[PDB]
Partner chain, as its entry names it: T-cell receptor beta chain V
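Presented as structure tokens, the chain that follows is alone, the form deposited without the partner chain.
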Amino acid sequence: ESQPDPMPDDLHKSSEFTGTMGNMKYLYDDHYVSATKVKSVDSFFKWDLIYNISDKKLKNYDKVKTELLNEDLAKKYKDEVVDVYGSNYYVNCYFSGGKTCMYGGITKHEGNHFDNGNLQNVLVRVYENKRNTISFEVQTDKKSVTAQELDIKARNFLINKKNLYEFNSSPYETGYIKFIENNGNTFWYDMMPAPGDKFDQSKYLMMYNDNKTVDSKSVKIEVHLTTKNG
């Protein structure tokens, strides 16, 4: 069966987070690792894979480690020609040129693309206090794409047009992004930091562990937000 939607008590409240929201913003504001047609070249622990990918942007790294939920996932992609897309971190990124870390984000490259640089649009509907406020689309070059890639793209958009995350706190109290698959399966991720005074980026991104992928041409996205009062 599909994952049960969250109840208000199931969600993180930004009012209960006293750290710097800028540290959450940092992970989705024009921030991501992207590679096409590459194979892993190393591995630190049996559940992770290391690739040679350079930070063409600011030359901040040339090696990337992505951790997966288990050894089988790693075995599965170890010798595959894949594509990579995900949100990376540096604080507490460790493994034996600069380095960066991430989770999941792996997809087989063979016959997973569209001819002529064609991108697939995916519907995203935003709800604020239970009412649809805005709707739009994000795009991917993959037929089967990781939820992570789509999620990141949605949040990047909402940070610019809705100030989803600000240096200090957020305009919203709670928020979760929900994915609806054509088979009727659904799942969601909490978009707010755990309560406290410090945001552990590494721990948060771990949720992308499962390397969950969905069908780009048929999947639907819903972002549900709430302000503290209304």
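Residue numbers count along the first chain shown, from 1.
The same protein has a further form, the form solved in complex with the partner chain, not shown here; the description that follows concerns it.
Undergrad: Verify the flagged residues 23, 167 and 198 against the partner chain in the deposited bound form: is each one within 4.5 Å by a non-hydrogen atom?
TA: The answer is yes: all three residues contact the partner (heavy atom, 4.5 Å cut-off).
Undergrad: Wondering, does residue 91 line up within 4.5 Å of the partner chain in the deposited bound form on heavy atoms?
TA: Result yes; residue 91 sits at the interface with the partner chain in the deposited bound form.
Undergrad: Since only the chain is shown here, I'm wondering whether residue 60 would be in contact with the partner chain in the deposited bound form (any heavy atom pair within 4.5 Å).
TA: Taking the distances in the deposited bound form, the answer for residue 60 is yes, it comes within 4.5 Å of the partner chain.
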